[PDB]
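Heads up, the chain below is alone and in the form deposited in one PDB entry; it's given as structure tokens.
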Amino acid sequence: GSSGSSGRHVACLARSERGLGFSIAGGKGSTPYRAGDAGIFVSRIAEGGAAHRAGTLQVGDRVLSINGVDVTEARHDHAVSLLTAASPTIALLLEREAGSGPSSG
């Protein structure tokens, strides 16, 4: 029958002064990636790069935490404070929601 069970994963990439690769959207100090959503989701991803090559990153996934910090309802700038951080590693808790939700049918 039907069964919808999401799953949270971990994404690790090497940040660089040139620019990690992927971007964020939704933050309070930014545009609501999703009408009615005050969180943070991937707006862009660096193709053939780190965020992309990774595999566990896709434009849409919401960022629950960042570098061991709950940023579910964190402000845009707030969340960045962790991303913009000068660290060779960046752990992002992404939540993969099981779509398969056929509205029409």
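Note that residue numbering follows the sequence shown and begins at 1.
Below: the form solved in complex with a partner chain, not depicted.
- Contact check for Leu94: no non-hydrogen atom falls within 4.5 Å of the partner chain in the bound PDB entry.
- Using a 4.5 Å cutoff between non-hydrogen atoms, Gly29 counts as a contact of the partner chain in the bound PDB entry.
- The closest heavy atom approach of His76 to the partner chain in the bound PDB entry falls within 4.5 Å.
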